[PDB]
């Protein structure tokens, strides 16, 4: 049972840069390695077979080498389309095993988020539940910390984050932190503040509202 180990799992780079993706096996797989590209929500596209042969139509900037236990996929001059996920496959034996993948992502300049806060709708409160949403819009890098405060009291375990993929044009990220309370708990407090800490912000920003 051959274990493919693909490293690094995440690789940030700028356009025009050379990147290499290493994929290694616990035992010899001879030369039966294939490389694939997968965009989010789309089927994989084959790049390399036999560890060094390009499929028809693959751009010449793609190239690969290796044999035995050491394999590497190289992109000589990145283009905006190339930023995607890549994984290797070994087809020397059954079971066929894959690499866990490498997420290649673009490297842009720091960008502060646009922070917005949305109170729960009257329609939802009529159902006994209240959801307070905080929106961080078009920021970079991806790292960001969102702390919920209700009447200046920190909240823990009752918020869930979600982050979009890097924008096809901005190269930015967007995040939603949703605070889910009951109707009873929501009507006991008055001030709901969303605090964001990010690299592009000199000091933490706070967007808030008063119930009513």
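Positions refer to the first chain, counted from 1.
Student: Between 144-152 and 24-32, which has the higher average C-alpha B-factor in the PDB entry?
Tutor: The entry gives the higher C-alpha B-factor average to 144-152.
Student: Tell me which of 67-75 and 115-123 has the higher mean C-alpha B-factor in the deposited entry.
Tutor: Here the higher of the two C-alpha B-factor means belongs to 115-123.
Student: Reading the B-factor column of the entry, which of 129, 85, 97, 92 has the highest value at its C-alpha atom?
Tutor: 129 has the highest C-alpha B-factor of those listed.
Student: At the C-alpha atoms, which of 62, 49, 173, 186 reaches the highest B-factor in this entry?
Tutor: When the deposited C-alpha B-factors of 62, 49, 173, 186 are compared, 186 is largest.
Student: Ranking every modelled residue in this chain by its Cα temperature factor as given in the entry, which third contains residue 40?
Tutor: CA B-factor rank for residue 40: middle third.
Student: Quick check for you: using the entry's CA B-factors within this chain, is residue 159 in the lowest, middle or highest third?
Tutor: It belongs to the highest third of the chain when residues are ordered by C-alpha B-factor.
Student: Which third, lowest, middle or highest, does the CA B-factor of residue 181 fall in along this chain?
Tutor: It falls in the top third of the chain.
Student: Thinking about Cα B factors across the chain, which third does residue 202 belong to?
Tutor: Its C-alpha B-factor belongs to the highest third of this chain's values.
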